[PDB]
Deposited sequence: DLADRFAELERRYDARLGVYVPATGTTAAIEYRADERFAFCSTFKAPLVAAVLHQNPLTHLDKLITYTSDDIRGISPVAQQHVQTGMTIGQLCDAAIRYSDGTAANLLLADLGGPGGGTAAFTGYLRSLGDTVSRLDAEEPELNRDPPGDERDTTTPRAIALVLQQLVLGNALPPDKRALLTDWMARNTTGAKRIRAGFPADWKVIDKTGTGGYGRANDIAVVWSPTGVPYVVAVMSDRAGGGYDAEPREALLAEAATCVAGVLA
């Protein structure tokens, strides 16, 4: 009957929706198109930060990166302000997550190094976490795609599991906790007394994603990955944040 609710959302919003909530001691898994591929959009920036954290000592965060106008990618709300001054790796991580800053992500990819401007490094990092599905590359094409299951299991490991040592884990978690882009997505579907940390993605073809870790009022954590597109409507199909909020509401109803 929950499957029917998500299918109803697909009909109303004229969209493809993907959900995955890993099973825990207290709840069953929630899965809907959990093994179909969706575009990462900017959701890749959360594991990107994890990769950079994982492969470097903590002192690396203090490395100043200088860059030019030619390195600017997308809106870059933070990096647009620091062409003259540069930004530390830690500032870039912050901006990449909290503002989905595209220049920051570009530079963190470069910091990983390797072929494809760091995309091979990124993908290889995911492989190390047991994700054999996702890929980041240099509408239906498989480039730059993940699955709701794949990304949710990655996020679980990063935030709640032991993929990262405690100090690095806490940095990633805090940046996600202070995200500025996610108020109308998973956050909007969960009651106020639930804690939410998250990272968004948005694109053409009506693409809208949100990956989150939520905590019940009792302090019990769950991982929620919601992904959507409207590729049938072409490049100019509007992304629907409300779809993600309503999917999130269904999830919150199960977890309550």
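Which runs of the deposited chain sequence never show up in the coordinates?
Unmodelled stretch: 139-147 only.
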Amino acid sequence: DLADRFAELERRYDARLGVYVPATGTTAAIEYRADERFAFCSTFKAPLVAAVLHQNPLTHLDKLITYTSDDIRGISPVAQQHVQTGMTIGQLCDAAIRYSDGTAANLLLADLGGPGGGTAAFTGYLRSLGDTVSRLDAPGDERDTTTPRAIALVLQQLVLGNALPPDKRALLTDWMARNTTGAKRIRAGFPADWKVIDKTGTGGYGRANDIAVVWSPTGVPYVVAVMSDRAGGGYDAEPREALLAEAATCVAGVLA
From here on, numbers count along this sequence of modelled residues.
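Between 162-170 and 97-105, name whichever shows the higher mean Cα B factor according to the PDB entry.
In the deposited entry, the stretch with the higher C-alpha B-factor mean is 162-170.
Check the entry's C-alpha temperature factors for 24-32 and 224-232, then say which stretch has the higher mean.
Comparing 24-32 with 224-232, the higher mean C-alpha B-factor belongs to 24-32.
If you check the C-alpha B-factor for each of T85, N179, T123, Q91 in the entry, which is highest?
In this record, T85 carries the highest C-alpha B-factor of the candidates.
Sort the modelled residues of this chain by their C-alpha B factor and say whether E241 lands in the lowest, middle or highest third.
CA B-factor rank for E241: lowest third.
Third of the chain, ranked by Cα B-factor, where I72 sits
Middle third, going by the recorded CA B-factors of the chain.
According to the PDB entry, is the CA B factor of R185 in the bottom, middle or top third of its chain, that is, lowest, middle or highest?
CA B-factor rank for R185: lowest third.
Against its chain's modelled residues, does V78's Cα B factor rank lowest, middle or highest third?
For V78, whose C-alpha B-factor we compare with every modelled residue in the chain, the answer is the middle third.
When the deposited Cα B-factors of this chain's modelled residues are ordered and cut into thirds, is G206 in the lowest, the middle or the highest one?
Its C-alpha B-factor, which the entry lists for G206, ranks in the middle third among residues of this chain.
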